[PDB]
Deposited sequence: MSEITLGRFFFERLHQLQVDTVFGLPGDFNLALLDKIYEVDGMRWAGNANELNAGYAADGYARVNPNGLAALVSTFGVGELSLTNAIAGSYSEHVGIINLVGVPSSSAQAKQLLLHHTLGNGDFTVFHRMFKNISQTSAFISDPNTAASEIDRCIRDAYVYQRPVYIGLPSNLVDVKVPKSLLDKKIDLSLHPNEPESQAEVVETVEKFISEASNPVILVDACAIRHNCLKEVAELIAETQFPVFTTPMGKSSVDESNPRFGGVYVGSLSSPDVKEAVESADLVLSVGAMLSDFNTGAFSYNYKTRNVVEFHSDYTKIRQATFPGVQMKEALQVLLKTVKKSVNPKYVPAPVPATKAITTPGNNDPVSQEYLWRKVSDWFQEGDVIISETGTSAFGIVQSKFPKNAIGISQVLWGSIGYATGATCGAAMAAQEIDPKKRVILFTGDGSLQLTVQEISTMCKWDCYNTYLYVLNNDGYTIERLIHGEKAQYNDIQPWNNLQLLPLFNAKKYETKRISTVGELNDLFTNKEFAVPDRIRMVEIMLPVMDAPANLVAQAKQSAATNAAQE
């Protein structure tokens, strides 16, 4: 009828669907790791080191329904994976084991008093979920085995947003709708925070009710079904295609949604911005819901919905890969991209419906995508066995966090595709040797030099089934 404090933690993670814990086993948390095997459904990923585990945790959080992941660390050795998690808003629950970086984590919690310990853990899990940012939880070894009532688990953690103050909300939905009426050629622009703070149906509803052109950032790619006839591509300012650059920069009204950072309405998590006016406390989620109720009637200044944008033996070019990759993708696919050729190549690729984008371009922490893939893989397993997890990475980037491919093998992650873009770089490795070396129970490797080989692979129906873990090495020119 009373449970250990250590167990309470893992039982809370289970309630919020976080059924994989990342980290490297270490002294002062070993007692805590025993608790995992008391909770039915939990598993210990067992990563090579902590840096890798943080990447893994991040990836896992981007695929978790609640946007949450659990990472265990230890004093000293145990602690950048969290520095780049914070700046890209991902709710990693950090539990540091301490004996018996307040900048790059939302709320610190030091569990000294076993009376308020449960409450302190709950406050941190809530803050992780709501604000979608990392959260440190200090737990001394002596306290991991302190009994607390099992009834504490029945009082489920409140994860509700504090309602927007009606006045500021009313003033924003009023003003925004005025600009919409004035707007000749409005556009919608969706960035990552739209994905993060769960505003994708809202964005879908907004595209329908306005019939405005919609574009995403690289970081906000997969926020919008790219088969939507209102989708007009990926804006990257100067580096955008001339036709996409035109459509966005021609607009007199931009409805920016979740912009991380003319008539510009920027919807943010904590606040809303209209031109140079800032309305602090106006959270986008509710703002957008209240907007959709009446947005239809605002958009009728006689607006006309605006229109929106190699030889089989020849070596596979960047251009040809990213266009033809579109044909192979399917609904629900986790598309992961590494900083480098992959991160900007994948931009031009067309994504399927309910696609999940994971491309650390903003923080650009080399090795992340391979690390992250391990987390996304394990999260997909727990969600939907048919859900495929595809990685595009340079051969170099792979090396830094290579051991997390062993983790994928250990947990029979038969949903993951490991596309390794080789371009002569570093120390060259026989990358196709990794899966058999790491002892994947079921696997397939394939080198691809020419267009013909690539076209076969994607049209191959048996290859498209996640029945085994695969690594496809794609040879590219030194350029």
| query | finding |
| --- | --- |
| Sequence ranges absent from the coordinates, based on the deposited chain and numbered from 1 | 1, 81 to 84, 106 to 130, 292 to 305, 354 to 360, 477 to 492, 547 to 567 |
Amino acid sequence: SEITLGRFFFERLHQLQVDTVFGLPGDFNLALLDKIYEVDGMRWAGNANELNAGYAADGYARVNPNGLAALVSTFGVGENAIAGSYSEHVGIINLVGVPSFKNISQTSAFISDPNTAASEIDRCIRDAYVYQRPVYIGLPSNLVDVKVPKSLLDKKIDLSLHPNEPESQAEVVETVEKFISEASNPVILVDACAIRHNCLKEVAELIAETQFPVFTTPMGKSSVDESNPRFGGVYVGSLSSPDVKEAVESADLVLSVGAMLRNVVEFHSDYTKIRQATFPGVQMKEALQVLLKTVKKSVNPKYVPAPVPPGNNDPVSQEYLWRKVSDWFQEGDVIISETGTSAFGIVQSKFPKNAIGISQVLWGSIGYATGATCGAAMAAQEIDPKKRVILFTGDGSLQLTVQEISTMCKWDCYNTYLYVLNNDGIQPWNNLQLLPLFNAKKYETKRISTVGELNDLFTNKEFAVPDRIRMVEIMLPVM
From here on, numbers count along this sequence of modelled residues.
| item | value |
| --- | --- |
| Entry-level comparison of average CA B-factors, 137 to 145 and 294 to 302, reporting the higher stretch | 137 to 145 |
| Stretch with the greater mean C-alpha B-factor as recorded in the entry, comparing 373 to 381 against 168 to 176 | 168 to 176 |
| Given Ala109, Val325, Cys199, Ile356, the residue at which the Cα B factor reaches its maximum | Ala109 |
| Highest recorded Cα temperature factor - choice among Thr393, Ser269, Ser119, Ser222 | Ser119 |
| Relative C-alpha B-factor of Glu50, binned into the chain's lowest, middle or highest third | middle |
| Ranked against its chain, the third holding the CA B-factor of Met475 | middle |
| Third of chain Cα B-factors occupied by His89 | highest |
| Ranked against its chain, the third holding the CA B-factor of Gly311 | middle |
| Among modelled residues of the same chain, the CA temperature factor third for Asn415 | lowest |
